[PDB]
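Below is one structure, written out as structure tokens; comments come after it.
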Amino acid sequence: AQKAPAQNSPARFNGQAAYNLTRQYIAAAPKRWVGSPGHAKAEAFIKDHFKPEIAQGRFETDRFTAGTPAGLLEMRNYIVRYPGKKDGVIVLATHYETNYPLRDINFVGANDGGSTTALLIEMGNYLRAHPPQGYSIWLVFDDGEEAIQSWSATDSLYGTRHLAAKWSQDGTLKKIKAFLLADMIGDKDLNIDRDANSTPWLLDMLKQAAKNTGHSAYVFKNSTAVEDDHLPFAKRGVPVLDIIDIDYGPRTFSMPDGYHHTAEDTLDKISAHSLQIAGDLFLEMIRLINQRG
Ligand code: NA
Ligand SMILES: [Zn+2]
């Protein structure tokens, strides 16, 4: 006996739409540090792109007061739910704000936050049109990922430390099959680093997803270990994967970290081709996680 084979293939992710959304997000809210009017415009942009989910009761605002070196700061995570047909949740996440210490330069985070906020908005468009047939998919737009003063275990990851604690306390973490973080994947010169902090079965699955989507040339050139929004989940036993390109721009004596955290992180540094690859990988990861069961 056997299942009847499916006669239709899934719709493809729209990378050009994700690129256009990045341009629109940067136009609407170029500087987005916590507390600023630009941050509020960024939040309005996200909400304006999830009106159906808001009307359906599938959009959550998770507001909290963070203790930071700059004092008490209000932060807001946003969670958009696409319920599936079986119990269990795949979370896709991105940060959406820009660095507070960079508030007085023209830092707009086009790749760093912008491209992945757009990626997940486009994922919402995709999932609204093509509802998930396996696990639920939840989209997380997290606040306060970047250090308020200087990166450390206490000054970073405010939104995900809060969200991981909230979901631990209420039992939600038990349901998470995988937490998939998108970070800095609009880079015109794209290669996803192999993050040793990510869960091995998810790293192996991303290598398989790249094979399946014809994108092996873009995955795992460099091996490293990344401190990012997946750590508060990983430290509580949640399977995590950081789909990140941390090698952003040419490293030189004067720019030892390339375009990362400089005013050169602009829209001319990202491409629809890279966002297409990223979205293809995310959709294939969802299929493979569903298959793993
Ligand atoms: Na790169
Ligand atoms: Zn950053």
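Residue numbering restarts at 1 for every chain of the structure tokens, chains are lettered A, B, ... in their displayed order, and ligands are numbered from 1 as they appear.
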Close residues to ligand 2 using only C-alpha atoms and all ligand atoms, limit 12 Å, as number ranges by chain: A: 33, 94-102, 107-116, 143-148, 150-151, 156-157, 183-184, 226-229, 244-248, 257, 259-263, 265
Spatial neighbours of residue 165 in chain A, 9 Å, only C-alpha atoms, chain gap at least 5 places, as a PyMOL selection string: chain A and resi 160+170+232-233+236
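With only C-alpha atoms and all ligand atoms as the atoms that count, the set of residues no farther than 10 Å from ligand 1 is residues 184, 185, 186, 187, 188, 189, 190, 191, 192, 193, 218, 221, 222, 244, 245, 246, 247, 248, 249, 250, 258 and 274 of chain A.
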Option closest in space to residue 138 in chain A, from A:163, A:243, A:205, A:176 [counting only C-alpha atoms]: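 Among A:163, A:243, A:205, A:176, it is A:176 that comes nearest to residue 138 in chain A.
Counting only C-alpha atoms and comparing A:43, A:53, A:74, A:195, the residue that lies closest to residue 128 in chain A is A:53.
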Nearby residues (only C-alpha atoms) at most 8 Å from residue 88 in chain A, same-chain spacing under 6 positions excluded, as a list in words: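 These residues fall inside the cut-off: residues 135, 136, 175, 176 and 177 of chain A.
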